[PDB]
Amino acid sequence: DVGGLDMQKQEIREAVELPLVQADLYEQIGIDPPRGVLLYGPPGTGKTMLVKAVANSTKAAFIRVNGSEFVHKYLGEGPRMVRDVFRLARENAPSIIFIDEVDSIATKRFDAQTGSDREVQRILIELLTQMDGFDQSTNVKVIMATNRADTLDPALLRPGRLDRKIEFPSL
Amino acid sequence: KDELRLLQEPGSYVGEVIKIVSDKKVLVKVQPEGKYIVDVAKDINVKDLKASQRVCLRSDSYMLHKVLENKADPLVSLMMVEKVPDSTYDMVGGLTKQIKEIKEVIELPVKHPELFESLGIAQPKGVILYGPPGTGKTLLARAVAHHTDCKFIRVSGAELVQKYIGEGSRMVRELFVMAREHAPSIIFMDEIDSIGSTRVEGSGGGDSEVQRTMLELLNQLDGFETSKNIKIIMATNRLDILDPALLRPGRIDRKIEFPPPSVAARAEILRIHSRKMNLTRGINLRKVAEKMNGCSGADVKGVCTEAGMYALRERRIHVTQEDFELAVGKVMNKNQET
Amino acid sequence: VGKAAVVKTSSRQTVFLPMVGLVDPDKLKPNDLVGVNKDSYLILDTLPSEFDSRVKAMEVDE
Amino acid sequence: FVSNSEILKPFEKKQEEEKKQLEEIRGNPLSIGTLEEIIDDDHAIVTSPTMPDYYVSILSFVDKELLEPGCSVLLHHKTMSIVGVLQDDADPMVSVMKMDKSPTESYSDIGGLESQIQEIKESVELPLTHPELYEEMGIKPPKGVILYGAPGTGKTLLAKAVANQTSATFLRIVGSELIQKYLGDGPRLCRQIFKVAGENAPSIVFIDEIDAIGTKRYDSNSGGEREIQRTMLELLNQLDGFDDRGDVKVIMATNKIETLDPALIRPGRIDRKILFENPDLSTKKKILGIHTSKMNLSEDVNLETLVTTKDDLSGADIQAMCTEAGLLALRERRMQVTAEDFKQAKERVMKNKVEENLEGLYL
Amino acid sequence: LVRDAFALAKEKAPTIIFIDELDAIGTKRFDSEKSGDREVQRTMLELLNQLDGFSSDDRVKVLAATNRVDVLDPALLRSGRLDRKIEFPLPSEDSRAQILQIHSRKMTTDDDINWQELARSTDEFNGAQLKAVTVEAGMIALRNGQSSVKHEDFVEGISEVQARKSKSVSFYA
Amino acid sequence: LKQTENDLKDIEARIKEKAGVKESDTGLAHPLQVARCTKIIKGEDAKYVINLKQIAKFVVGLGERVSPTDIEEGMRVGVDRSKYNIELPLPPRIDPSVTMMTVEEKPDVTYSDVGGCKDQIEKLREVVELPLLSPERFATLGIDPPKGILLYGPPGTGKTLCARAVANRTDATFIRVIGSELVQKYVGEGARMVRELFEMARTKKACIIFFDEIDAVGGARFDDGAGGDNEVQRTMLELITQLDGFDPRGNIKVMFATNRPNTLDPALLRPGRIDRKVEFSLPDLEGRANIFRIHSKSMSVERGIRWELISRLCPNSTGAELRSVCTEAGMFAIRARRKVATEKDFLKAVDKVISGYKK
């Protein structure tokens, strides 16, 4: 529904429609299907309305897991809820988990906070366990959209699991 | 006939035997309730009940019902002990020193404990993984338990640490009691791993509390339990938030460092994917290794994924050599950034 | 909804029951003594004010 | 079997018409609870772990003097009456309680610590073995012991070595488990420690790895707890109230005593402070002799050769060097470690296996 | 208690309701914690209904007193509710002379005391703290060997005569 | 005797278990720690029907009835946490708390570790020693001693033997109540224990009521001030209504002990109840010398030593740190193998405290 996406339209199908439908073609190549895609740029441009419209084409379950979500004062349920979502996503192949503003998750601890927020580093345990912990297989689409990040290296970057790195054109 | 018998059963719980009484009773601890003296069943021996023995008690009359097999089975969050999972040294391998150091630190003491006992020396029960980011040793941990016919145990600090009082303790004591009978196994701990495969870079506030109730119970295996064949696989690139005294024996014994992915090391790594991948004729895998510098294990799987993308545009099940030159050019600029 | 009342006893148990003519909407109010059943927890009739939970250590001087 | 058949067996044969039948009157449906108040009217208060508080009666089994409030007794299922008394070990006394008999470590296996052996003996072993030294002087030996250093060396070996010569059971109590962050559980678990060791004084109290109760901070946050203030302050009353000739000692280990309450310290109750000392030349020699006894050494391996170049590693780290020397022997497939393995082992243990590098330039 | 204080207002012809330490239930700060403990929030909710019960009745009054004021509630600022801010700072020099005069009348003295002269030695005292000064001033009579408390016993007791830095540093050390 | 008590379950216990259990458990229901009743209809007068459990709480209306002996059926009757109406005359005051209460009339403690504390005694001479000796002097003064006296200083030092030294000159009764033991599973133990303290203080004049470790109680706490249960919340009532209003200030006195004043209720710190704040300093050269000479009587030493030079090298120390000098003096004599502690043993004991602590 938005013009100028022709560059991404070729990158979306191969990273979304192919691994959830045509992934058998990757078996003929000999590589595992991509487990996700990285996004760059502020939300609202080819991110919110675009990704939600792709799930209708692939007929998959669209689940919103953001960086500012699952935020509460009980220690350990944040990663525990992450464990329950991806566990159910392994049984149902047509599932899509979109991540908006991953820099909230990608942030690490530069200081000891004592009380209040200790949860900065816990939410990366179960997120990486279901991605970097296991082998390469796609039972779900994990789309990580990076808003603003500079010195943060959670290891979510690089083609370890997710495949394409998409940056919104500034021109 | 079995319908009326099973469907009318009120149900029965599980409890641990505390002590035996000469009056033909027994004291069994109940988790939702507490220690309660019940009556020994007519088909169950009162003398055969030992301390911490797993038995079944009926919830109707609140007495002894049956006796189960003795094992440690507390609340399980990612604690389930598996056997020979799916992994291999071929996929996560490709380096000579990487696999060779595993044989000495792991394979020798676990399979043949009499080698170190014949010389009157201790055997390493732990290892610390090293090397630059993008190793892939996380899946290698499953290969250690698969090929050695041992039991794989994954310890995730996220599920064992909760805000409720005692969760940083009980959940750690669950691993302590489980490791007594299940000792012939392999334990892998999370949240400490800096090596770049699964990297949380430690935790400042998460490891500032439970560090006291965790490391003390792990050292009691050799001091108190005195149980062997227990392998603790830990990985960190730096010691900061954890105990600086972990360098003592019984916790950190041997240290295996991941060699730099040189040309000779990455030459066999490209031969790993080429077995599963479909390639054409005339492709030089050694020349591709010379085109990059310091390519990690994550970038090798990335450039092979990029090479498969150009093959889909050509509608060919095989990846031509022309697609590799286009794939290597993309991974070099991708690895150069940040 | 309109003709039914929602009562919560000291037992941490909320019982949804339709209102009866023996009780009035103005007589049913929070922080009040409303006699109910011990087993079924059913509203019967309101009680006069005797123990209001006066919150002692409170200075009352006329 | 032969003596008990002609002695103990005929004793119960004449009472078989009574003792056999009269013991079955109690029945198979019996329960357990905790006493509260005991009077002479044959009525008391019993509480099961499910908290069914009842006012019941007392059957005639033993006199009221043997019924102690707070101890587990044998009850009945329905009537909940008191038919007798049982052992108090069913009481959830201490969360972590482990009695280790005949500790393996001794004074000869800890190396060159003999300077600290005669010092720790005076505060623990000396009043147990020879209390008359403190009795003729009219003084009370120190009950408490403060430990420093790292676990496995000064916080472990020194604890298990003193319990060997005293012939006392090693009783380990986790320091972090002493605080349940609940009101009333702090002083309860502290009084039960001296109760199990206070009857015949069979064992000695040992506490190790305190990162928690040692530091209360100012608040229930930032690593401290409010229950630590009441637990440490009440534990002082248990130190002064506990009095013996030294058959039972209390040894606690902590990294820093500055965060401790000066009340619980109470100098003169704890006269013993063990500071971690660097191993001397004789420390490594005593560690090698144990492993080199079962490990055959070549002709080029001597005692002064291995101790020539050393960073003064502790008694535990020297054990890791002998294991690495044997690991290289498995590579060459031989059971006798040669001199070429120790040269490569000392470089791996003190550098690769332990990262120090000895940063210089005044640091 | 909002309805309990209003229940006594029915029968009794006049009423004045007081609230001690309003900052407990009156200051929400940046936190919603009134939702955590609902006894604090619903107390403020019942006030809005009771303060609007009688608009023109002068026989129902509600007052509150606390240390400071942080959070403002314009919904509570109006005629018929708590509005005008009346500050009660520390009494001045001459303000404490009349308070100490009443305290001297309750006890037995020589009646030679001039309340205006003793107000010069008092610094930052409230009405409650001046009551403790009169107790410490009578103890000077024991050190001076007097059956009663004369005017000279107050001068020595009103200065410090408690704790502080005492005699450790005096003159030149 | 063994076989005689075995068959009593079939004979004597049949009546005992019927009257002691079946009657108490009748209708889903002599120290009483528990009471319960389910659906009891009795015609206002002796109605009761009170469930001591926090679940399904009951009240009693329709007038007022006073029956301290037997309210309705006898048997199970209780109050426990929440006091309802006419159930006051029969509170469940039974509890084995006798191990907590320590009552010593006219203590014989003069100077042991308190040698040199006469400075703190002068602080307690006017507001404590004077009224407990000649209370009629305050009639001509026009004022009276304050209600309470607050103690302050190092934790676990000066709050024990210093309080008994003042009671010696006044021949008063010293009652020490530990505050940490006031907190138990029974709700209201702290308030009920304070009630019996004023009851015994009215019978005998000139008594000292001391509260040890008030930080565990205070005026409010989490389970009482911030909680729904009432224990400390009802304890403050006994320190206000009884002491201030009913009890005269001369005969009955109250003293606390705390590490910090801010740990208490600011309502209690206001004037009218808690006024005198006694700070515990450390003994001087003369005070530390008189403590060592007393401990040297029970410890074998040399007749030619000097206790003045021993306390001179050691700086200001607490009551425990001074006793440590004498106890450690015998440890150095073990190395030298001597039956008595010479002067060199005390010099090494002081350096062990200076170097080993550095506080």
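Lettered A, B, C, D, E and F in written order, each chain numbered from 1.
Just so we're on the same page, a contact is a pair of C-beta atoms (placed from the backbone, for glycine too) under 8 Å apart; a residue touches a chain by one contact, two chains touch by 3 or more.
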| item | value |
| --- | --- |
| Which of B-D and C-F has more C-beta contact pairs | B-D |
| Chain nearest the global centroid, as defined over all protein CA atoms shown | D |
| Chain B and chain F, separation of their C-alpha mean positions in angstrom | 54 |
| Rounded Å distance between chain A and chain D, as computed from the means of their C-alpha atoms | 50 |
| Distance from chain E to chain A - Cα centre to Cα centre, in angstrom | 61 |
| Per-residue overlap in chain D, given as positions that touch at least 2 other chains | 23, 26, 223 |
| Overlap residues in chain A, where contacts from two or more other chains coincide | 114 |
| Residue list for chain E, restricted to those that touch at least two other chains | none |
| Pairs of chains, among all present, that meet the touch criterion | A-B, A-D, B-D, C-E, C-F, D-F, E-F |
| Complex interface listing, chain A residues touching chain B | 14, 18, 25-26, 28-32, 34, 73-77, 79-80, 83, 108-109, 111-114, 117-122, 124-126, 128-129, 132-136, 153-155, 157-160, 163, 165 |
| Touch list for chain A against partner chain D, complex | 114-115 |
| Residues of chain D touching chain A in the complex | 221-223 |
| Complex contacts: residues of chain B adjacent to chain D | 18-19, 23-25, 27, 30, 33-37, 39, 62-63, 104, 108, 115-116, 118-124, 165-166, 169, 208-209, 211-213, 216, 219, 223-224, 239, 243, 245, 247-251, 253-255, 257 |
| Residues of chain F touching chain C in the complex | 38-39, 54-57, 59-62, 84-85, 233-234, 236-237 |
